[PDB]
Amino acid sequence: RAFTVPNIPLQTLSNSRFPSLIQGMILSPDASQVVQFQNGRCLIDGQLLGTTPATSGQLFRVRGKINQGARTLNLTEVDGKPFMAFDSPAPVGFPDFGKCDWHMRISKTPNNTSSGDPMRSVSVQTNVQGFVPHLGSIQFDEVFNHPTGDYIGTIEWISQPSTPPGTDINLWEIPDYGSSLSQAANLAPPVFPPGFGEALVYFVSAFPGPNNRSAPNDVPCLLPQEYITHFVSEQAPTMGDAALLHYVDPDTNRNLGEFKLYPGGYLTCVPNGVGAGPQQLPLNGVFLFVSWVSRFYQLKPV
Amino acid sequence: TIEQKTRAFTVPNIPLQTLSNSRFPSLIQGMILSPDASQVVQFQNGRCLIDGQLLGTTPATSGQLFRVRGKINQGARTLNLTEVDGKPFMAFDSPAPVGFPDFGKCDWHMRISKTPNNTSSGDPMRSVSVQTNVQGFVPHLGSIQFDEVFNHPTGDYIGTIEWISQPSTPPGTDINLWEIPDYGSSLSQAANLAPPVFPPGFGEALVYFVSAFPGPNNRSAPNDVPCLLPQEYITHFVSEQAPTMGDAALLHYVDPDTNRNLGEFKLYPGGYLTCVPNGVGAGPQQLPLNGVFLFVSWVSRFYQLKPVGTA
Ligand SMILES: CC(=O)N[C@H]1[C@H](Oc2ccc([N+](=O)[O-])cc2)O[C@H](CO)[C@@H](O)[C@@H]1O[C@@H]1O[C@H](CO)[C@H](O)[C@H](O)[C@H]1O[C@@H]1O[C@@H](C)[C@@H](O)[C@@H](O)[C@@H]1O
Ligand SMILES: CC(=O)N[C@H]1[C@H](Oc2ccc([N+](=O)[O-])cc2)O[C@H](CO)[C@@H](O)[C@@H]1O[C@@H]1O[C@H](CO)[C@H](O)[C@H](O)[C@H]1O[C@@H]1O[C@@H](C)[C@@H](O)[C@@H](O)[C@@H]1O
Ligand code: NA
Ligand code: NA
């Protein structure tokens, strides 16, 4: 099967770390930034990595059992199937927002009642001893004095981590999935800056909550979720060092810039000096697969 | 181009249990027939022709789906709607902004926040409620009305429905997610509503994909939200724009373990699926959820399907 990417404008595509439209395309503020996101990780032949779901339905949800009077949510997969501990960093689609406090909204499922607000607020710190999703559990800040059951929900807003005091949100990082006696197994590996004039491209969407900068919380990811779904369905074999893409204005068919899509599931470009980069481009463009290229192909600066 | 006008029709090669509802973002949890065999539906989301033409308020992707955005003044009850990206909603052009919820016959309990963040601390989340059968529910006219005065700063608010409950009026009536709200008013009805979808008859019945949405109802049961197409199908069709080459696309719902056909379905160009239930009580609800719909052939609308399920 021949390789393709979805024929949909970037601004209509979705973040792969949480369900939301993509609102920007950027380089990392630190040129040396290494990332290790667990969601939005997919080899371009359709192999999912880390905790990455095939589709948005599973993305950025948390599900588990909790007993009345406990602080611990014992995780399952989003569809209620058992989570196999020690195997993966966390259930598929589990949030990968590091360096922040999570303020979640959850509810008991299925409904078995004729009245009542089912929504419960809980908070999760990700750098504490009780945050051990790789062992199958996370700990809420407070005792959960609500009925025992199967709860499902998501993070509604984030704030600065409670500890160390004063530290800011840093969404370039992932939480500590592991425990005191065990590192998390099968983490999607780190992605390093490519060098040779190339730079990683990140797709960003704003997420609710405060921070020390009194500005939006911007969530960077490596691939639009629709690209992931496409690759999972298509399973097109990787036949070059990189897939050369053109970012095309669909109104005019003008090529706005060359990008490389690497087998590992990330995009690069060559910024044309400081100030230049993909953030200068309109967001109504569509990426188009042009050709497989070798390791010796040099991108035209953007 | 020649390639574009000859592009072969395809559907996403992903098991149903991994696909998403197109009326709100969630995994599909089942397939059902409508309890009433005469049920006509007119959902505004999850509506797409199989050549990629979006209908109603249907977004191309899940990013825009089931969101509400607008401006509200402190001390007011009126949310003046915009598109999800903050751009103006061109009223009269559509029933509502793209992705606007189409949950009829229920009270909406929403969570919204002021955007963008300009704070260094504080919970930004606000609870508001919306009734859909009241005078103030006029999304087609560009606004909806909250139950209570909004005593929070004037600004641009974004959010969604978090949970639903029975309509407040008429008192005692139940949630009915088969219905859409009245988008317009008595003086102005909603323009460019996606058209109704009617039972095909002659042995065929419409297939609905369901996902549970939080909240109570009179039956103490999950609020199962039915939709006509998985969202991934819609995104696929928008991207592919494959020409429709026949009356209907014959699909086989195939078991990935055995490669056996578990059921025959027809996908009609209007963007909905039918099957033939194998007697009373039989239907697609009896099939496992790990099957994959595979495109077999273009067929005539008169093509007869092998009955599905067991009586
Ligand atoms: C627990 C809490 O609400 N902490 C607030 C802190 O609140 C108060 C400070 C002092 C008094 N007092 O002297 O009487 C009373 C309340 O206020 C500061 C400044 O507004 C907040 O930053 C702080 O919020 C917490 O901050 C830490 C990081 O230091 C972390 O981000 C927590 O998640 C965050 O708590 C969350 O937000 C607050 C506003 C509240 O909604 C909590 O329920 C949330 O967990
Ligand atoms: C307004 C309200 O909360 N209505 C509740 C009702 O609440 C009360 C009952 C009695 C007293 N009192 O004696 O003083 C005070 C409040 O409680 C019944 C259950 O006994 C709920 O069914 C009712 O909830 C409302 O029900 C109507 C349909 O009849 C409709 O679904 C409303 O949306 C729903 O209100 C919502 O749920 C309640 C629980 C609450 O969360 C509200 O804020 C929601 O809007
Ligand atoms: Na940990
Ligand atoms: Na109305």
Side-chain angles (χ1 to χ4, degrees), chain A residues 97 99-105 107 111 113-128 140-142 155-170 208-214 217, chain B residues 44 78 81 91 95-96 100 102-111 113 117 119-148 161-176 179-191 193 214-220 223:
Chain A
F97 286 14
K99 294 295 175 72
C100 60
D101 277 11
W102 296 356
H103 304 107
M104 305 187 66
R105 297 281 279 183
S107 68
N111 175 63
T113 77
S114 62
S115 64
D117 176 355
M119 305 311 304
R120 310 293 174 251
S121 295
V122 299
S123 295
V124 175
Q125 294 175 236
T126 64
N127 66 334
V128 295
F140 301 161
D141 281 357
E142 296 291 316
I155 305 166
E156 181 179 56
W157 62 287
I158 58 178
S159 65
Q160 301 94 326
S162 285
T163 63
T167 56
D168 202 6
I169 295 182
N170 186 2
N211 55 47
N212 290 354
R213 293 158 41 247
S214 305
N217 286 132
Chain B
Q44 293 303 299
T78 308
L81 297 175
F100 189 85
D102 72 353
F103 284 15
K105 292 291 176 72
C106 58
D107 278 14
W108 298 356
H109 305 112
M110 306 189 63
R111 297 280 279 181
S113 64
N117 173 65
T119 73
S120 54
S121 69
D123 181 348
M125 304 313 299
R126 311 291 174 251
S127 299
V128 300
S129 292
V130 171
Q131 294 169 241
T132 58
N133 67 325
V134 296
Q135 175 170 293
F137 191 81
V138 286
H140 174 61
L141 299 179
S143 67
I144 61 169
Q145 192 171 109
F146 300 163
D147 281 1
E148 297 188 317
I161 308 170
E162 186 180 49
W163 64 286
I164 57 174
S165 62
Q166 302 94 324
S168 285
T169 60
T173 56
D174 203 4
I175 293 181
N176 186 355
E179 298 205 351
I180 56 158
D182 183 355
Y183 288 82
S185 59
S186 58
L187 299 163
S188 302
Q189 60 190 36
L193 286 156
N217 57 46
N218 289 353
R219 308 171 328 279
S220 297
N223 285 134

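What's counted below: heavy atoms across the whole structure, side chains too, no hydrogens, waters or symmetry copies. Both counts, for ligands and for their atoms, begin at 1 and track the order of listing. Chain identifiers are assigned alphabetically (A, B, ...) following the order of the sequence lines, protein sequences preceding nucleic acid strands; residue numbering begins at 1 within each chain.
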Ignoring hydrogens, tell whether any protein atom lies closer than 4.0 Å to atom 7 (O) of ligand 2; use the non-hydrogen atoms only.
-> no
Ranking A:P164, B:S120, A:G209, A:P161 by closest non-hydrogen atom to atom 29 (O) of ligand 1, top hit is A:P161
Return a yes/no value: protein heavy atom under 4.0 Å from atom 31 (O) of ligand 2?
-> yes
Hey, are the side chains of B:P139 and B:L81 touching, using non-hydrogen atoms and a 4.5 Å cut-off?
-> yes
Close approach of B:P171 to ligand 2, heavy atoms, under 4.0 angstrom = no
Does any N or O atom in B:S165 lie less than 3.5 angstrom from one in ligand 2, N or O only?
-> yes
heavy-atom search around atom 38 (C) of ligand 2 in the protein gives B:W163 CH2, 4.4 Å
If you compare A:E142, A:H103, A:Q125, B:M125 by their heavy atoms, the one closest to atom 36 (C) of ligand 1 turns out to be A:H103
Protein contact for atom 15 (C) of ligand 2 (heavy atom, distance under 4.0 Å) = no
Report yes or no: does B:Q166 contribute a side-chain atom to a donor-acceptor pair with the main-chain N or O of A:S114 at less than 3.5 Å?
-> yes
Ignoring hydrogens and geometry, is there a side-chain-to-backbone donor-acceptor pair from B:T169 to B:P171 under 3.5 Å?
-> no
Would you indicate whether the side-chain heavy atoms of A:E156 and A:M104 approach each other to under 4.5 Å?
-> no
Nearest-contact summary for atom 41 (O) of ligand 1 - protein heavy atom, Å | B:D123 CB, 3.8 Å
Do the side chains of A:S159 and A:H103 get nearer than 4.5 Å, heavy atoms only?
-> yes
Measure B:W108 to ligand 2 on non-hydrogen atoms and call it side chain, backbone, both or neither using the 4.0 Å cut-off.
-> neither
Establish whether atom 22 (O) of ligand 2 and some protein heavy atom are separated by less than 4.0 angstrom.
-> yes
Side-chain contact test, heavy atoms from C-beta onward, threshold under 4.5 Å: evaluate it for B:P216 versus B:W163 and give yes or no.
-> yes
Decide whether an N or O pair under 3.5 Å exists between A:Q160 and ligand 1.
-> yes
Has B:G122 got any heavy atom lying under 4.0 angstrom from an atom of ligand 1?
-> yes
Using a strict 4.0 Å cut-off to heavy atoms of B:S168, name the atoms of ligand 2 that fall inside it.
-> 30 (C), 32 (C)
Atom pair OG1 (A:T113) and CZ (B:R219), whose distance is rounded to the nearest 0.5 Å | 11.5 Å
Quick one: does B:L193's side chain get under 4.5 Å of B:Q44's, heavy atoms only?
-> yes
Report, rounded to 10°, the angle at the Na ion (ligand 4) between the two atoms O (B:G184) and O (B:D182).
-> 100°
When you measure from atom 33 (O) of ligand 2 to each heavy atom in B:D147, B:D107, A:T113, which option holds the nearest one?
-> B:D107
Determine the interplanar angle of the B:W108 and B:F137 rings, folded into 0 to 90°, and report it as parallel if under 30°, tilted if 30 to 60°, perpendicular if over 60°.
-> perpendicular
Tell me, please, if B:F137 has any N/O/S atom, main chain or side chain, under 3.0 Å from the Na ion (ligand 4)?
-> yes
Do A:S121 and A:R105 pass the side-chain hydrogen bond (donor to acceptor under 3.5 Å, both in side chains) test, and can you show the C-alpha distance, the side-chain angles, and the key distance before you say yes or no?
-> CA-CA 5 Å; A:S121 295; A:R105 297 281 279 183; 2.8 Å; yes
Give yes or no for whether the N/O distance cutoff of 3.5 Å, strictly under, is met between B:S121 and ligand 1.
-> yes
Verify side chain to side chain contact (heavy atoms under 4.5 Å, CB included) between B:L141 and B:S185, making sure each step is shown before the conclusion.
-> CA-CA 8 Å; B:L141 299 179; B:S185 59; 3.7 Å; yes
Check whether any side-chain N or O of B:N218 sits under 3.5 Å from a backbone N or O of B:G172 as a donor-acceptor pair, and report yes or no.
-> yes
May I ask you to test the B:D107-B:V130 pair for a side-chain heavy-atom distance under 4.5 Å?
-> no
Got a protein heavy atom sitting under 4.0 Å from atom 26 (O) of ligand 2?
-> no
Mark whether atom 44 (C) of ligand 2 lies under 4.0 angstrom from at least one protein heavy atom.
-> yes
Looking at atom 19 (C) of ligand 1, is any protein heavy atom nearer than 4.0 Å to it?
-> yes
